[PDB]
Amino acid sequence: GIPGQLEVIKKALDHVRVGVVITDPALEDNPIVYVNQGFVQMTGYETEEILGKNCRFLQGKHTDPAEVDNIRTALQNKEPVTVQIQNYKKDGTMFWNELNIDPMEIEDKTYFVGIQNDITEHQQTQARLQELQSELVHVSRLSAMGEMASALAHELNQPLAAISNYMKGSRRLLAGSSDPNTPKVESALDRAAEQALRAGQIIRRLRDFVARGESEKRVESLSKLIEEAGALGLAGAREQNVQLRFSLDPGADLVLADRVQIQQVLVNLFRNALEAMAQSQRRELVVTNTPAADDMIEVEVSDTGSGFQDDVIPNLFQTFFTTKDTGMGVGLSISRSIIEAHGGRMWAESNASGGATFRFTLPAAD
């Protein structure tokens, strides 16, 4: 019968996850007379702390008072109104409330039904999309320059190959020479050939690093990728009189990772450390790996550079945060997302020399 039918739909209402309230405007200050379990879960308030209150109790410091005015106006004219608004859970947490209110007429009596949607997650995701799109535009000039470097490097292969052929041909001809100086010319040529090979390796590394590529997680040696990242990222270090120390542990060497991504994380720490040590009297860079909890391996990169002022540390990883006049402030933000996608954490601290120490973790392999 009609009761029983009522009981069925009320229980169904408590299973919808959106918040549902009904207010009775014939009662002083338009109080909530019905609330479903969805609104309870959403707001953190118990039913007894909701029923009999006007809905404005969800409002707080950063609630837009003009969108509040939009609500009040719509209700005075018994008009429907949709609004996205700042509300507050019982524990004080802000949520974004997408509010939909409609007048209802039952037996010639007006009620208002409110449907509330917590869209905080939705707004976070949208903000993240906008932010990613913005970071891409932010680094586009530098990325073009990286493309130009890769392309010029590739073009460099051609005269190098020609130099090799000329030296190879020359060695052929010198084979028939009995001149006393002929061994010395051959030595010079071999040494030149070594240099051609080393120039070739620099090009190879640059080009492998910028390639779009496969993106698989695989068993990788930390020793190997630290040296690979160092070859790229630590250029100029010897000339800057920076003392490099890689203190590695062979028992903690294999991780599960996309090696180029871990390389780019290390390249960024290295370039940042060299920049931070530019005006430093002592210049020492230490890289260390150790076993860590939950079958992880922790990598530490420490420098003796200008380090971190007291207010700085909790901003380091924030997108666009930089202390440099020409900074982008994306490097650390991108690195942390790579590390978290590999299942680890990345963090920073001041060290005892007044410089900076960065740590990250990756899962150990077998």
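Start at 1 with the first residue shown and count on from there.
Legend: mean Cα B-factor per stretch from the PDB entry, 142 to 150 versus 208 to 216; the higher mean is in 208 to 216. The deposited model assigns a higher average Cα B-factor to 76 to 84 than to the other stretch when 156 to 164 and 76 to 84 are compared.
The PDB entry assigns the greatest CA B-factor among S302, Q318, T47, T326 to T326. You'll see in the entry that, of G38, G60, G52, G331, the Cα B factor peaks at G60. For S177, the recorded CA B-factor ranks within the highest third of the chain. Only modelled residues enter the ranking. When the CA B factors of the chain's modelled residues are split into thirds, the value for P31 lands in the middle one.
In this PDB entry, the Cα temperature factor of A66 sits in the top third of its chain's modelled residues, the highest group. In the PDB entry, a CA B factor belonging to the highest third of its chain's modelled residues is recorded for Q309. The deposited CA B-factor of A352 belongs to the highest third of values across its chain.
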